[PDB]
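My structure is below; once you've seen it, I'll send some questions.
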Amino acid sequence: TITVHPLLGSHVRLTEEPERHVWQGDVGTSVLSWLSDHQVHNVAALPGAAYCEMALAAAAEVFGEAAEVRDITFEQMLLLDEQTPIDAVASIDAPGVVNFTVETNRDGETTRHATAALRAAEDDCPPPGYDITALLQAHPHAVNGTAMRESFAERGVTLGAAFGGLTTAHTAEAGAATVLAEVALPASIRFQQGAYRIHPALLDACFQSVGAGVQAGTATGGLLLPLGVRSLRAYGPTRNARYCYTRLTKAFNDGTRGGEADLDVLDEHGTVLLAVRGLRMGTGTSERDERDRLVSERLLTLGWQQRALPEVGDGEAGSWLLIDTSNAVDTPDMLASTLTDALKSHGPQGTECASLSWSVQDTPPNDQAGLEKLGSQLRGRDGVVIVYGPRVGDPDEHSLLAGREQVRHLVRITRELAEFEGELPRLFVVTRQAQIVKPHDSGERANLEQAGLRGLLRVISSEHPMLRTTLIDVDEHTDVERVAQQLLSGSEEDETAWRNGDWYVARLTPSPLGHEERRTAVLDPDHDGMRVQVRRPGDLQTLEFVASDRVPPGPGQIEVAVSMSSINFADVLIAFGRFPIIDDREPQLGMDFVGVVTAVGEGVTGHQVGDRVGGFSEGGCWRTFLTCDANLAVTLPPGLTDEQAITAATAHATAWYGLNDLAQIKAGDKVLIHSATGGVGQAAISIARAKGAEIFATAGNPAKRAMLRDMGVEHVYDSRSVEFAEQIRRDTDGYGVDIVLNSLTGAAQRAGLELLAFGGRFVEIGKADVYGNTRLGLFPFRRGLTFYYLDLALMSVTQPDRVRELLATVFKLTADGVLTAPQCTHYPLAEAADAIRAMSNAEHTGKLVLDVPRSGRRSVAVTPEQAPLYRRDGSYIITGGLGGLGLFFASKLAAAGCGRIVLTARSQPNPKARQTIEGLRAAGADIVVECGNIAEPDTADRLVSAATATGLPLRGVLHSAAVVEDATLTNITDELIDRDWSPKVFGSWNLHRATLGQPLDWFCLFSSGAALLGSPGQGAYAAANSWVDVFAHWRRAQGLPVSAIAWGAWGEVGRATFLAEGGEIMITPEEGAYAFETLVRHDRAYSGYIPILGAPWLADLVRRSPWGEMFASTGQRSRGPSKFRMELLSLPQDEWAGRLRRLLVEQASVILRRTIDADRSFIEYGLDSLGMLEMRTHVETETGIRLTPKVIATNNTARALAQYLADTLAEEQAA
Amino acid sequence: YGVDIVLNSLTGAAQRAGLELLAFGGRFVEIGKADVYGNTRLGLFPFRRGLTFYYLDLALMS
Amino acid sequence: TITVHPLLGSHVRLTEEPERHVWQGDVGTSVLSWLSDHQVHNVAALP
C-alpha cells in the first residue's frame, strides 16, 4: 500500500505552470530513530548527507533514473527536537532546467536549509572503475580509523552508532590524500536500505572519511562541517559497498576553508556506485572578515577590577625587611614610618623590621657595603618591601634623567636582593600614583619617573619567579590601614592599585574595540557636517550622529544645508535592519530633504546660492550638509514654506504620480486607498477630492477609522481583515472600484486586485510583496486589468528628469492650494530613536518630519572607522624608517600615496636601504630622508621644521625607533639601560614637545609585549616601554591625539613554525599593517597587539601569573549529568538567571578561548556562525530552551541573551 | 540593458522569461489570453525594477 | 489507520498564499477493482 520515501515522505504532483513537485514529510527523531546520532554538542542534527540523498531522490522522481544534480548547497543546520515537518519542493522553472529547495516553515518563518539544481545532464556513458589491487597496494600503511572517529566525536560532533561503517583506515601518510578506509552499513541500518538511494548514514560516513583524510593529527580547537557539493551522480544501488575513493584536492594548511573533495563510492569489484565532485567543508567568511577576526584575537590591555581582600589576616610573624629608597624629598618619612608603625601594631606576633635607607645615588660604598649591613647576616628575612614615596605631579623636560636614575637604582637593588643563596623573600613594592588604573580616579598626573619601574618588575617576576614580585600602587586618598593589611597577609596578587579607599587589581584583559572607543570629535552643525546612521541595524537604540566631512560640490552638484527631512517606510525598513538589499549598497537613512543651497556646482545653472530647494536623493538626507546631484533638486516656489514642502514631497510625489500620471484618474472614477491615514494615503485622499472621485478608503484600528470619517471621507472599512472587499462590493452594486492605491501586503493584495471592475488599474507601492516573490494568481486580470509598480526612490535614481518634473508639478500645485499637504508632527532629529518607533507601531498619523538641528549646538560627534588616516595635503614623519619595520611602513605609506613623508633615523642608510628609498621615490612617493639622534632636542626641532617648512603641514607621526637586545637580570649593565632608555623616553618626549603645536591627527608610539607580558629575554627594554606607555596615557589625558602599541613575536607556534610554516622574516608584517591602520583610528591610548590566545609562552604566564585571566578552561567535556543545570530551577528563577549569566559566559569562554565580559557582544570577538552553532547547541543542552539564530543576533550581548533566556524560561515556570 | 516594451503573445515559460527581460520602466503589454485564462501564477518579483503589466483584449474592450 | 487515503493519494499542505491543500490522488478499476462493478450506462464510471 504505502510506498512513500522515508525522508521526503509524500510526493504530490502539481500541474500548474511552472510545473512543481512538492514533497512533504516528517523528519523527526521519533519516526526515524537512527537519525538520533549526529548529536552536534549533544543535540540531534540532520546531516548534510541527508540533504544529498533527498536531492538525489527528488532528481530520480522528477527525471526518472540516471538523472543527477549539480551545485548543491547547505545553508542552515537543524535541531530535530521530536517532530520536524519538512517541505522539500522542486520547480520546473524552464524546460531542461529545474530548481530544488528544502525548507522548514515551522514557528512562522521559513529557512532555506539547502538549495539545489536537478538538471539531468547525463548520458548513457557508464563511469570507469578503479583497480582494487592498485589502490589497496598504493597506500596500505594503516591508521587507527576508529580512534580517529572517536577523537573527532570528542571534538564536538558525535556520530553515535547508526553513523558507523567508517572502518579503520590506511594512508600513505597522515597528511596525504590517501586514506583507505572501509564502509559498511551498521546492523541496525542494513534493513531498510531498499527505499533509499544509498543510505544517508552511508553517505555521511563516506563524507566523514574527509575528517581523517584532511589531517590525522588534527589540531585542538578546530572544528569543521561539510558544506555543499559542486555535483553529484548516483549510478547503482548500494546494497553492498566497500570503500569510497579518497580523491582530495584540498588547498589546506590554513586550518579551515575547504578541501574540495571528490568522493567516489565503489564496491568490492571496483565499480563505482555514486560520484560526488567538489565537496567543501567549513567555508567561513571572506578574507576581510578573516583579518577582522585576527585583530580581535590579539588586542590586549591592562584591565583593572575592584575586589575585597580575602586575606582578612593569617600567617602572623610578619618580620619583614624594608628599604626607604630614593627618598630625596624633604619629608618622605610619613609613608615609611606609618607603614612600619602599622606593621608593628596590627602585625600579629613578632614583626621586627629594619630600614635600609638607600637614597638615590647615596654614595659609592652603598652599592655593596651599605647593603651588607643587613643583607649579610640576616639577608632575606621573611619578606621585603620597597617604598618609593611621592613625587611631583607633572614632568619637566629634564625629569627624564631622574627616571633613568630610578631605573638604575631599581636594577642594582633588585640584582643585589636576588643574590641570596637561601629562599628569596617575596618582593613587595609600593609606588605612588605611578600606574594608570581606570576612569575612576585616573588620567593626568602620573609620576613618569617611577612609571618605567613597572616593566622592570614585571620582567623580574618571570626571570626569578621564586621571589614573588607583587607590586602595589598607592594613592594619597587611600589611607595606610588597608595598605598595611595587604603588606601583612597579602594574598597571591601581583599588581594592584590602592587608587582610593578601595582595592583595585589588574587582569590582562583581551579587549577588542567597540563603540565607546571610536574617536570623538567636536562639531558645530552651523557649518560642520554630520550624519545619522544606525550603528547596529536591528536595535534602533544605537542611532548616533557621525561626522560627514562635507565635500565641496562638483560638476552637476549642489551643497544644501538641510532644514528638515521626513521619515519614510524605506527609512523604517533600513532602521530595523530589514531592508531588501539588492545592490550591495546599504541605503542611507532618509529619502527627502528641504533646505537652502549653500554652494553651487560647476556645470549647473538652474539655481544659485542662497535659494531654497527641495527634492530627494540617495546617500542619506539626515545630514546637516547634503551634497546631491543638481539635476535631482527642484526650486521651491515662493508659496510653499519648508514644512509644506517636506510634508508634500514623497507623499504627493507618490500619490500624484500613481493616481494621475499612471492611472489617469478622472471624474466619477471609483478609487480605493489603503491605509488612508498614512501620509501617502492622505495625499491620495487630497488628490481624489481635487480630481472629483468617489473616495473609498480603509484604515487600521477603529480610532483611525473614526478620525478619517471625521474628515468627511465616507465608506471606511477595516484593513486588517480581508472583509473590506465584500463590504465595498455591497456598497457599489458590483462595480467595485476603478483604481486601487494598495499599500498593504498579504491576502489584502488579492482581494484588492479582484475588486476592480472591468476598468482596471492597480497602482502598487508596497514593498513587502514584490521583494518576496508573492506569486499572485493571474486569473483576475482577464477583465482588462493593469498592474503598476511605483518605487519612487528607484525611479529617482534611474530617471532623474521625470521625477524632477513631477516634483516641480506637485510643488506648484501645492502652492496654488489645489492640493493640501498632509498632517505633520515634528521631532528633533537627535530624537529619531523614538520617532522610528511611532512609524512602525503606527500610533501617529501623518508624515513624521524630522527637524535637523542647524544651530550653534556645539556637540560631540563620533568618527567611525572611516577616519582621517591618509590625507593628501599633509606631511608625515616616520622615525627609524631606514631599518626594520621602518622600511615596511614607509613602503605602505607610499602605497597609500601620502603627501611628502619625512623619514629619519640615527645613522646613514645602508646600500639596501638607499636602493629601497630610491625605488620608492621612483614609485611616485616624494619621501625625503634625514638623520640624527632623536634623543637630542635639536634633532627633533630640525625634523619638525623640515616637514613643516616644506609647505605641506605635518599631521601624522610614527615614532618606531628601537633596537632588539637580550639580557638577563644579573648581567644587565648601565650602558644597556641608557641605550634602551634614550631612544624611547628622550626621543618620544622631544617629538611630543616639538610637534605639540602642529595640527596632528595621530601619534603612534611603538612598544614591546614584554612590558605588558614580561619576557626573561630582556629587562632593559621593558622599563623604557612601560615608561612610554604611561607617557602615552598622560599625553592622551592632555587631550592631544595619541596611540601606543605594544608589538610581540611573529609565530604562535614557537620554533615549530620553521617546520610547519617555513622561515619568514619580521613580525607578521602584513598582518600587523592592517592592525596598525585600524588602531590609529580608534581612541584607546594603550593596546597590546600580540599573538596570544594560543602560543608557547602562554603556558608559562598562566602558571606564573596569578591574574592570567585568559586561562585555559579545558572543561568542555560535558556529559549526561550536565542537565542538572536545568534542575537548579529549584532556586529562585531570578537568581537562576543571575547564575545563567555566569553559565553563559563560561560556556562562551571555551569556544572563544578567552574570558569575555558580560556587557560586550559575542560578535565583537569573532564567531564564524560556527562558534554560534556551538553556543546555541550548548545553551539548548544545558537549559532545555532554544533560541533561533535570528533572535540571538539582536541579543548579541551576554546580558541581553541571559535576560531573554530568563524570560523564555520564566514563561515555562508559569506554565 | 534589456528591452523596454514587450508585446508578448506566448505562453508558459516564454512569458515568464520575457517579464524578467525588460529593463526599468519596461511595459509588459500582454495580448495572449491563453496563459491568463489558465490562472497562471506569475512570479511577481521582476516588478522590482518598476515594471508595469498590462492586459489588452480588443473584444472585451469594445 | 493508514496515512494515505485511497481516493485522494497523499495529503500535502502547501504553505503558499493562500494556503492550499493539494492531494493528487489516483483511481482506477485496474488497482481499485471495487469501482468496476458500478458500470454506469454499461460503461466503467465513477460512482
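Find how much the distance from A:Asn105 to A:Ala138 grows on full extension, using 0.36 nm per residue of separation minus their present alpha carbon separation; answer in nm with one decimal.
Contour length minus Cα-Cα distance gives 7.0 nm.
A follow-up question, please. Considering the options A:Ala1020, A:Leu848, A:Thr542, tell which one lies farthest towards the positive end of the dipole of the protein assembly as shown, charges being +1 on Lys and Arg and -1 on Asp and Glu at the Cβ, about the Cα centre.
Sorting the options by dipole projection puts first A:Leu848.
Using per-residue counts of other Cβ atoms within 10 Å, averaged over each peptide, order A:272-279, A:904-911, A:1059-1066, A:1038-1045 from highest down.
Those peptides, ordered most packed to least, come out A:272-279, A:1038-1045, A:904-911, A:1059-1066.
Using a 10 Å cut-off around each Cβ of peptide A:787-794, what is the average number of partner chain Cβ atoms that fall inside?
5
Then there's this: What pairs in A:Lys892/A:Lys984; A:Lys666/B:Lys33; A:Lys691/A:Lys847; A:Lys704/A:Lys767 have C-alpha atoms more than 26 Å from each other?
Cα-Cα > 26 Å for A:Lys666/B:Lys33; rest within.
Taking only C-alpha pairs under 8 Å that are 6+ residues apart, what is the relative contact order of chain A in percent?
Computed value for chain A: 9 percent relative contact order.
Please compute the modelled spin-label separation between A:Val928 and A:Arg445, points set 7 Å along Cα→Cβ, answer in nm with one decimal.
4.3
Over all residues in B:18-31, what is the mean tally of Cβ atoms on other chains that come within 10 Å of each residue's Cβ?
Counting other chains' Cβ atoms within 10 Å and averaging over B:18-31 gives 1.
Let me ask another. Would you please put A:200-206, A:1172-1178 in order of how densely packed they are, using the mean number of other Cβ atoms within 10 angstrom per residue and starting with the highest?
The packing order, highest mean first, is A:200-206, A:1172-1178.
Continuing with this model, one more query. Farthest toward the dipole's positive end in the protein assembly as shown, which of A:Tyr771, C:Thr29, A:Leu573, given Cβ charges of +1 (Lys, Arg) and -1 (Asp, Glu) about the Cα centre?
Checking the options against the dipole of the protein assembly as shown, the answer is C:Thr29.
By the scheme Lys and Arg +1, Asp and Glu -1, what is the net charge of all other residues having a beta-carbon under 10 Å from that of A:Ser30?
-3
Given the Cα-Cα distance of A:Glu843 and A:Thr605 and 0.36 nm per residue of separation, how much length would full extension add, in nm?
Result for the pair: 81.3 nm of gain on full extension.
Turning to a different aspect of this structure: May I ask what percent, to the nearest 5, of DSSP beta bridges between residues of chain A are antiparallel?
Roughly 60 percent of the beta bridges in chain A run antiparallel, per DSSP.
To the nearest 20 debye, what charge dipole does the range A:409-553 have about its Cα centre, counting +1 at the Cβ of each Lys and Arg and -1 at the Cβ of each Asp and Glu?
400
Taking the Cα centre of each part, how many Å lie between the range A:918-940 and the range A:1048-1064?
So the two Cα centres are separated by 33 Å.
Could you tell me the relative contact order of the range A:866-1007? Use alpha-carbon pairs under 8 Å, at least six residues apart, and round to a whole percent.
28
How well do other chains shield peptide B:49-60, expressed as the mean number of their Cβ atoms within 10 Å of each residue Cβ?
5
Against the longest principal axis of chain A, how steep is helix A:800-816, in degrees 0 to 90 to the nearest 10, with axes from Cα atoms?
80
Between 0 and 90 degrees, rounded to the nearest ten: what's the tilt of helix A:1198-1214 against the longest Cα principal axis of chain A?
Value to nearest ten degrees: 60.
What spacing in nm lies between the two simple spin-label points modelled at A:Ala1200 and A:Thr3, each 7 Å away from Cα in the Cβ direction?
Those two pseudo-labels are separated by 5.3 nm.
Can you tell me how much longer the chain between A:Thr950 and A:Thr331 gets when fully stretched, taken as 0.36 nm per residue apart minus their C-alpha distance, in nm with one decimal?
217.7 nm
Putting +1 on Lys and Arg Cβ atoms and -1 on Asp and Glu Cβ atoms, find which of A:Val737, A:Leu401, A:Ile836 reaches farthest to the positive end of the dipole of chain A.
A:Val737
From the Cα gyration tensor of chain A, with a ≥ b ≥ c the square roots of its eigenvalues, which class applies: rounded if a/c is under 1.5, or else prolate if a/b is larger than b/c, or else oblate?
Cα axes put chain A in the oblate bin.
To continue, here is another question. Taking the alpha-carbon centroid of each part, what is the distance from the range A:232-275 to the range A:1083-1133 in angstrom?
40
Can I ask one more? May I ask you to list the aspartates and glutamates whose Cα is less than 19 Å away from that of A:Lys1190, ignoring any residue fewer than eight positions away on the same chain?
Leaving aside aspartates and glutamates fewer than 8 places away in the same chain, those within reach of A:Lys1190 are A:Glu75, A:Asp81, A:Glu103, A:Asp107, A:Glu109, A:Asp539, A:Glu1164, A:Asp1168, A:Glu1174, A:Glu1180, A:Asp1207.
Also: Might you report the magnitude of the Cβ-based charge dipole of the protein assembly as shown about its Cα centre, with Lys and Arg at +1 and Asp and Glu at -1, to the nearest 20 debye?
Here the protein assembly as shown has a charge dipole of around 1720 debye.
Given R₀ = 56 Å, FRET efficiency for A:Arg857-A:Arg1117 by Cβ-Cβ distance, to 0.05?
Taking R0 as 56 Å, the efficiency between A:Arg857 and A:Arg1117 is 0.45.
With angles folded into 0 to 90 degrees, how steeply does helix A:937-949 sit against the dominant principal axis of chain A? Use alpha carbons for both and round to 10.
Value to nearest ten degrees: 30.
To the nearest 20 Debye, how big is the dipole of chain B about its Cα centre, given +1 on the beta carbon of each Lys and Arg and -1 on that of each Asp and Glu?
The dipole magnitude comes to about 180 debye.
Post the alpha-carbon centroid distance, the range A:356-415 to the range A:717-793, in whole angstrom.
89
If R0 is 25 Å, what FRET efficiency do you get for A:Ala174 and A:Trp1050 from their C-beta distance, rounded to 0.05?
The computed FRET efficiency comes out at 0.45.
All Cβ positions, even for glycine, are placed from backbone atoms using ideal geometry, and neighbour counts span all protein chains on display. FYI, it's all coordinate maths here, none of it is from the lab.
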